[PDB]
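Asker: sequence and experimental coordinates follow.
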Amino acid sequence: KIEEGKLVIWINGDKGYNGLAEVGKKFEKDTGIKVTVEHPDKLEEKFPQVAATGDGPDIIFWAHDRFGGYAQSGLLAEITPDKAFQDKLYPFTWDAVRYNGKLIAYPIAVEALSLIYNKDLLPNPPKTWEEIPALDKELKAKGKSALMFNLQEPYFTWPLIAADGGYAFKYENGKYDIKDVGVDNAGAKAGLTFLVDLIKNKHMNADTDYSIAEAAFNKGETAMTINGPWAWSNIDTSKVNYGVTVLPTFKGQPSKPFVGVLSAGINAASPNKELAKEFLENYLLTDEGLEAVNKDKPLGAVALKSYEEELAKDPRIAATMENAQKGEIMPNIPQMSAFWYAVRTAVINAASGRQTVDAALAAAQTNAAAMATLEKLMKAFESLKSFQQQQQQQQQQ
Amino acid sequence: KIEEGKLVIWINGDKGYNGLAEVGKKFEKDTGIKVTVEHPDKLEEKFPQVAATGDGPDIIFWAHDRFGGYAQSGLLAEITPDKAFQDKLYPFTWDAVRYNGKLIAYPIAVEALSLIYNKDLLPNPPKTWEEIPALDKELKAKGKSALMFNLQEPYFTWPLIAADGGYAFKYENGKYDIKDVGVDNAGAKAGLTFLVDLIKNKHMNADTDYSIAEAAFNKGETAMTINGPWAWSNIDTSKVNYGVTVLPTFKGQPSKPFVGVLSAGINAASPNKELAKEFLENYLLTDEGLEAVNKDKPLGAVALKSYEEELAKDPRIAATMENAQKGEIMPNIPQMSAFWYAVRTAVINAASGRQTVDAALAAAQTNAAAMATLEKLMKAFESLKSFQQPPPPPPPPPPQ
Amino acid sequence: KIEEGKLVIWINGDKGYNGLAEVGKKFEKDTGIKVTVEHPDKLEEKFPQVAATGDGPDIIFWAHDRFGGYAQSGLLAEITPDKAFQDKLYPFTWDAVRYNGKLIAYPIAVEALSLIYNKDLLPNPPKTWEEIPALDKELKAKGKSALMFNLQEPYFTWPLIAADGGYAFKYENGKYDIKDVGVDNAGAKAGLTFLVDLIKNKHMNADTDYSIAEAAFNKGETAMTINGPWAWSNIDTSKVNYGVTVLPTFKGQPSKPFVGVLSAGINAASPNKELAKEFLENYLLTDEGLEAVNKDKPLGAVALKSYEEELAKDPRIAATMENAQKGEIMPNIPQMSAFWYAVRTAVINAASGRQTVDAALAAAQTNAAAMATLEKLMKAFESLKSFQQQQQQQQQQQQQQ
Ligand SMILES: [Ca+2]
Ligand SMILES: [Ca+2]
Ligand SMILES: [Ca+2]
Ligand SMILES: [Ca+2]
Ligand SMILES: [Ca+2]
Ligand SMILES: [Ca+2]
Ligand SMILES: [Ca+2]
Ligand SMILES: [Ca+2]
Ligand SMILES: [Ca+2]
Ligand SMILES: [Zn+2]
Ligand SMILES: [Zn+2]
Ligand SMILES: [Zn+2]
Ligand SMILES: [Zn+2]
Ligand SMILES: [Zn+2]
């Protein structure tokens, strides 16, 4: 059971739940219905457990990528907003919340990687990657460096690789093509090669992770870094006079960073579908709804569309939205588990000298068609595990 | 060495073989060629073992589903009956004996699930599933159950789940689509939802297996049950006044049971292809042939139109055919094995409460895909080893 | 790290590397560029190990089939010959060197099976396969046989299986179809029936391999054998008066044996790509280039038209070329590994009577799919999980060692 009447909501700890409950109070003054906002620990792991048994929250707030696997299990119900409501949110944020063609959640907040620069050492950030080598030699002569960001992660290095033409899976007609992997193409090729060049030319260090790079920017040792909204707090406390802006273009093409849309999904087994429907649409996805959640903990950029235009006064946020629009939306499929492991090695192999661009990229393509496609076969290890649970609980109890 | 100049036929022991031999005796008089009718134990296991080597019978009689794997291993030869003789049989039976878009056997007899009811407790059977909630409460007043059938098996529950639009695999233009599974669509969902509700409204028991149901019906405790023609014999002994009829409809759609067509196939190694074709086309699949087999032991509903309109005079046989023309033919492909296991769990989990209708059905489609490609793994490791196991050890943290 | 300003060519020791070196030092006097021709052991397995790390030769010479796996790993750079140069070579040789719809190597030599016969025992060799029954019992009267070739290996028996319609995969519009197999079709069926009928009519023996076949023709016991140009050296030794010709036809259709094209690709990591394209186009792939390679160790049938029409004076070489033009180019895809193993059992099980024609070829079409995919799986993880654990062991020494 999931209690017919009260709307129980599950949101992550680090989000503005008090600002959400503040909205949940204005709901119960209107149609009377009591709202309980719980923030359970490891809820992205508890939800797939209790929801399967027909329990859990009415509404779940989490990053869209994880909703795919939920929608695969039939844990989420198809939402029903009209063409009128669908337009007061950003067109692209609707592609983030679709599975098999059905819409399975409402978009809330967008999050993308942005260029972060020290105004003191560089009052005018570079619009092209091409000029970064030349810029470094200008700064090295003064002891500083041009750019420092996490090279160990594909999430950070992908924007450059993807820039010219690289992509995870082809998204066309509101659906994902798992037999169309663009990690090997001419765009990803020249992309990685350029990164590899900036490494052997001695402009970036192959061993740089997240800690080394953030510390360097928060020390004033580097003029630029690539990072998202989460880092902004630390950069305040170090008191570095910094600005956030659009990502540098490569070959005359904008960098395409991955998009992280926070979304609200309705439980399939919830009996209060028309109440959640009323909750999220009429109230939360208006200025007054979001403004309440924002004041508790900032959401960054938002899907509505009236309200972000108001927030867009802060350049930092307007820079997140602008990067989010030019980027590709992080695919919500189980084959995305693969792509990550394929590219993480490909970027690390190529950057160290172990393999070449051509080689390490073409190797990754085979490794994707290995991982998540065989890991798919290891799903039957749980199907055939039920034989274990059956052979004990049908025989006896 | 099948001795070029004779026909040796394999048919199961329970089946009316003495009748087949009579038609083999008739065949002999006319052509001068001796026909043998043999019934070895587990012939459906022995056949592919000897047919492979180029040994065994010229004609093997068995349920069409098993012919899927035979056709695969090329043990069966393509039949070439002209269009004239095709219209002699029912259209939907020709879809049962078709592999890779090719005809690989002759249809003989149709077996399908039906609604069997106690004429005394219920002189008029419901024509809708939706009515069974009401009908139970009326009979629970006289100390009787309305409906009791095997709920442990998908074979029995499927007629209700498929009724709204669910399907095993998609069949169009003589071909099955192994990527088009209709287990989790809109139809199957509301189907299982109804079957689940009848349980949580206490109209049925989640624990009811085959035995319980047949015992509950045979002693006169329950009014109705779902079962095939194999069960009639026992009900006679129990002297309960029963009748067989078409399954109840759900949302104005007929129930879709599985159809097991008994068929005769010609061996690919057989040197007497033309004599077999002469025997099955001109002597067995006629009024005079099938009547003789049926006179030994009943075939039930037959694929031949002229003789079916004669057996249908018994209400029970006409009901099985009625239910058949409304059912989906059981797929003879190997992916069918996966379908069973996935659905068997799905129904059991939904019927116990473990998982919801929406989740259990979606998860069965991930099971049907995973278990099906994992069967290739077992079969590759098996047939690679016979050319000269788990391989498990998959290994992260990366969150901080 | 491949050494800029100079060339380094790899070719197998068995081939005319000294002939190639002559063309090497020809290119020197004319452009002032040092061309080193090395011939190292198991180079066909060493190349993907050094080219992966961005090292090795500039040009590699090997049979095209192995390039598919090289092109997969991206080790070979796309070649750009214009349509003017392309027409110098036979059209079919361009299909042997194509991956993902891209040309990745320059075709040098062509290799195929041919019908070899004894002109003493049999002056006029049979045109069709169907007349080999009638011919066998004639020679059996003298105390000889008509034909004996290696039945153990599909590479040998395939010309007959494929003759009526069978194919490995469907090559159309510059790419192969891994889901279109022609192993159990009505052509392959009748093909293999005929081979088996010859076995159970006692015209051939099911236990015959390469050694049996070669030694039996080399001692004049059999009138015919099917073998390629590599065998010729041994038949020149045996002093047997022998002829090479086009393969017999089956049901009016010519036998389609497999084609092996020796070809030269350019390394992806090579900095001298326009020099490699200079040496291979203007110097080597001309008759004066191939005249020198051929003089060292004969290449057999050459891809270049002009020089081919000169070598065809040898009736043996002329026949080898004809059988290639009738043949299908051996698919360079990784699924090919399976095809062999599937068809290897099919032919052996069909010859031994352990299975019928129909039954044996139908297992091959299932085995080929079952192996290739589920073997291609395993190989991915072996070469991933063994390099995943190798990763943390470095980290253990970056702080300890
Ligand atoms: Ca509205
Ligand atoms: Ca400056
Ligand atoms: Ca406001
Ligand atoms: Ca886009
Ligand atoms: Ca008569
Ligand atoms: Ca009544
Ligand atoms: Ca009569
Ligand atoms: Ca030219
Ligand atoms: Ca000359
Ligand atoms: Zn909490
Ligand atoms: Zn530089
Ligand atoms: Zn009720
Ligand atoms: Zn050597
Ligand atoms: Zn003969």
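Answerer: Good, I have the coordinates. Numbering: from 1, shown residues only, chains lettered A, B, ... in the order given. Ligands and ions are numbered 1, 2, ... in the order given.
Asker: hey, where'd the strands end up in the stretch 201-350 of chain A?
Answerer: For the stretch 201-350 of chain A, the strands defined by DSSP state E, counting those that start in this stretch occupy A:222-227, A:242-245, A:258-259, A:262-266, A:301-302, A:328-329.
Asker: in the fourth one, what counts as buried?
Answerer: In terms of neighbour count (16 or more other Cβ atoms under 10 Å in any protein chain shown), strand A:262-266 has its buried residues at A:262, A:263, A:264, A:265, A:266. For the C-beta atoms, the positions are set from N, CA and C on the backbone; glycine is no exception.
Asker: ok, those residues vs chain B, which is closest?
Answerer: Nearest to chain B among the buried residues of strand A:262-266 is residue A:266, at 12.4 Å by Cβ to the nearest Cβ.
Asker: okay, that closest one and residue A:75: tell me how far apart.
Answerer: Applying Cβ to Cβ, to the nearest Å, the value for residue A:266 to residue A:75 is 10 Å.
Asker: residue nearest the middle of chain A, spatially speaking?
Answerer: Nearest residue to the geometric centre of chain A (Cα atoms, centre = their mean): residue A:260, 2.4 Å.
Asker: for that one, what are its contacts?
Answerer: By Cβ atoms under 8 Å, 6 or more residues apart in numbering or on different chains, the residues touching residue A:260 are A:63, A:64, A:65, A:110, A:111, A:112, A:330.
Asker: bridged to the residue nearest to the last one when sequence neighbours are not counted, which residues?
Answerer: Think residue A:330. The spatially closest residue to residue A:330, leaving aside those adjacent along the chain, is residue A:258, at 4.4 Å (Cβ to Cβ, 6 or more residues apart in numbering or on different chains). With DSSP bridges as the criterion, residue A:258 is bridged to residue A:328.
Asker: ok, residue A:258 to residue B:247 distance?
Answerer: From residue A:258 to residue B:247 the distance is 52 Å (Cβ to Cβ).
Asker: so chain A: which segments form each domain?
Answerer: Annotated domains of chain A cover A:1-111+A:258-331, A:112-257+A:332-397 [curated CATH domains].
Asker: quick one: end-to-end distance for the last one.
Answerer: According to Cα to Cα, to the nearest Å, domain A:112-257+A:332-397 extends 51 Å from its N-terminal end residue to its C-terminal end residue.
Asker: cool, and stretch A:232-248?
Answerer: In stretch A:232-248, first residue to last residue: 19 Å (Cα to Cα).
Asker: swap in stretch A:72-79?
Answerer: Note: stretch A:72-79 ends 15 Å apart using Cα to Cα.
Asker: in that stretch, which residues are buried?
Answerer: Judged by neighbour count using 16+ other Cβ under 10 Å, the buried positions of stretch A:72-79 are A:72, A:73, A:74, A:75, A:76, A:77, A:79.
Asker: next structured bit after the helix or strand where residue A:9 lies?
Answerer: Here residue A:9 sits within strand A:7-10, counting by DSSP states H and E. Where DSSP H and E defines the elements, the next helix or strand beyond strand A:7-10 is helix A:17-28.
Asker: right, is that following helix up against ligand 10?
Answerer: No - using Cβ under 5 Å from the ion, helix A:17-28 never reaches ligand 10; the gap is at least 8.4 Å.
Asker: next helix or strand past that helix?
Answerer: With secondary structure assigned by DSSP H and E, helix A:17-28 is succeeded by strand A:35-38.
Asker: for that following strand, packing partners?
Answerer: Applying 3 or more Cβ pairs under 8 Å, 6 or more residues apart in numbering or on different chains; DSSP states H and E, one finds that strand A:35-38 contacts strand A:7-10, helix A:17-28.
Asker: direction included, what does that strand pair up with?
Answerer: In the sheet, strand A:35-38 lines up with strand A:7-10 (parallel) (DSSP bridges).
Asker: neighbouring contacts of the strand it pairs with?
Answerer: A:2, A:20, A:24, A:27, A:33-40, A:43, A:47, A:56-61, A:272, A:275-276, A:279.
Asker: with stretch A:69-85 instead?
Answerer: The set of residues external to stretch A:69-85 that reach it, using Cβ under 8 Å, 6+ apart, is A:47-48, A:51-52, A:67, A:97, A:99-100, A:102-106, A:265-270, A:273, A:277, A:281, A:285, A:332, A:334, B:184, B:356, B:358-359, B:361-363, B:366.
Asker: give me the distance from it to the chain's centre.
Answerer: Chain-centre distance of stretch A:69-85: 19 Å, with Cα atoms, centre = their mean, to the nearest Å.
Asker: backbone phi and psi for residue A:103, please?
Answerer: phi -80, psi 130 (degrees, to the nearest 10).
Asker: show me what contacts the nearest residue to residue A:276 once chain neighbours are set aside?
Answerer: The shortest distance from residue A:276 to any non-neighbouring residue, by Cβ to Cβ, 6+ apart, is to residue A:266 (4.7 Å). By Cβ under 8 Å, 6+ apart, the residues touching residue A:266 are A:58, A:59, A:76, A:77, A:79, A:105, A:273, A:276, A:277.
Asker: how about residue A:252?
Answerer: Listed by Cβ under 8 Å, 6+ apart, the contact set of residue A:252 is empty.
Asker: ditto for residue A:212
Answerer: For residue A:212, the contacting residues are A:148, A:205, by Cβ under 8 Å, 6+ apart.
Asker: after the biggest helix by length in chain A, which helix or strand is next?
Answerer: Counting residues, the longest helix in chain A under DSSP state H turns out to be helix A:336-352. Going down the chain from helix A:336-352, the next helix or strand is helix A:357-368, by DSSP H and E.
Asker: helices or strands up against that following helix?
Answerer: So helix A:357-368, by 3+ Cβ pairs under 8 Å, 6+ apart, packs with helix A:186-200, helix A:336-352, helix C:357-397.
Asker: again, 6 Å this time
Answerer: Applying 3 or more Cβ pairs under 6 Å, 6 or more residues apart in numbering or on different chains; DSSP states H and E, one finds that helix A:357-368 makes contact with helix A:186-200, helix A:336-352.
Asker: most packed of those?
Answerer: Per residue and on average, the most neighbours among those fall to helix A:336-352, with a mean of 22 (mean count of other Cβ atoms under 10 Å in any protein chain shown).
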